[PDB]
Each structure stands twice: as C-alpha cells, then as structure tokens.
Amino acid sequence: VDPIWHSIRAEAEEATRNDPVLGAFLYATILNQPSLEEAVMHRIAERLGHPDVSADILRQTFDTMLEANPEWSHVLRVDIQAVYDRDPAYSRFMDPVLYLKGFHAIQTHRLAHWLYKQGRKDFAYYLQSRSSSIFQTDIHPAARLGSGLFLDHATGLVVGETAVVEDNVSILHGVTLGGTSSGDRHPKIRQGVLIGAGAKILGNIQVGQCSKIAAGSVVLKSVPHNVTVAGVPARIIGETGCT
C-alpha cells in the first residue's frame, strides 16, 4: 500500500504522453525510480547538484540518511499530503515532488539536520548554503522541524539555530524565525499554526497551537493558542481554531 507513489507514477506517465520532450526529465526523476523515496532524493539532488559537489554525492548521502532514519519514509509522505491538502493551486501528488521549492527545502533540511547531529557540520553547512542560494530558504541545520510541514512559495525563509517548529504547521514566504540574547533565542512554533507572508517572529518566544500570524506581522512576544495576531507590533485581532 503506497497510494501516493502509484498516483505519482500514473501522473508521470500521462505527463510524458501529454508532452514527450519532458520524457527524459520524467523518466529519470520518477519512472525509472524504484520508489518515492529515491524519486524525491533524486530530484532534490539534481536541483542542488553543482561542480563543487555533484548531484551524485548528494544523492548517495541522501540514501544513507534514509537508511539511518526509515521514519523519513513516513514524514516525507505526510509532508507531500500537507501540500496536496493545503494548496489549491496544485492538484497532483507529483507537484511538490517535481516543482515546489518549499517541499524541496524541507527535505534538504532533514538531510542537513541529520548530518549536523552526526558531526558532519561542513556537509550540513554546505546543504544549508546551497538551499539558501537555490531554494532561497536559509534554515540552520540545528533547527527542528515537525512532520506535515507546508512551506508555501518559500522565498526568503530564515529559520534560526534554536528554532522549533512542530507538526502540521504552514509557513509562507518572506518569514523569519529569528533573533534578536545569545543562547536559546529563536521562536517555538507549536502545532497547527499558520504563519502568513512576510511575518517576522523574533526571540525565544512561543506561538501557541492553532494560532494564525497575519502577513507582515512583527511578533516580539509569545502568542497564545487559538488566536490571530496582526500588525507591527502584533496584537490579537481574532480567535481561530485548528482547522
């Protein structure tokens, strides 16, 4: 049972038929692959590949991560499901896999996070640098991100060293989870939270579960659960629930 994988294979076959100049891209990336994991690792490694460190090295490293962490198989599928559930602009499971840099960046972080805890700090920093340049997402490898994360549009995401994001969170573009203290100094974003475009959340503060942070908000103090905050500085302007 892997309904997502078989959906993705069917989409890739139709796409190839529908546009056969894309067949090298679709066969290499989806159709020739033995699994969804290897198709995701392959695509991300090809986007991050560079003369400095080949796609192959990245792909091979990704594989060793997947072997030290077989639960990523589940997390990964939950992440794809998040996009499929939450983004109306895209209708296929194949879309975050092939196209969506936010999805690419999340799994890249998962790689660099694992590497970083292994003492492989340069590899992790390399991935961090490459993701920042190619996906425009600067996430410190020490950062903790939950499963079912939705990073929509993504451009300009900054996430600090001691930041934590829990499960089922949605983050848009232009968001900072940063400082400025110099110990634990970055936000903790509890489960189900939505963070709107351009929001700045600064300091070791907490954003309560199910809360919403309106676009352009500057959040300088903890936000309770089930509320909506907005503005510079952010004040409560509404109530909400984990919908």
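Sequential numbering from 1, following the sequence displayed.
According to the PDB entry, the deposited sequence contains 1 to 3 residues between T180 and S181 that lack coordinates.
Relative to one another, 82 to 90 and 155 to 163 have unequal mean CA B-factors, and 82 to 90 is the one with the higher figure.
Comparing 53 to 61 with 188 to 196, the higher mean C-alpha B-factor in the PDB entry belongs to 188 to 196. Listed residues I205, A214, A28, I44 were ranked by CA B-factor as deposited; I205 comes out on top. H109: CA B factor lies in the lowest third for its chain, per the PDB record. Annotation for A10: CA B-factor lies in the highest third of the chain's modelled residues. Compared with the other modelled residues of the chain, the Cα B-factor recorded for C210 ranks in the highest third.
Ranked by Cα temperature factor within the chain, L76 sits in the highest third according to the deposited record. Split the chain's modelled residues into thirds by C-alpha temperature factor. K121 is in the middle one.
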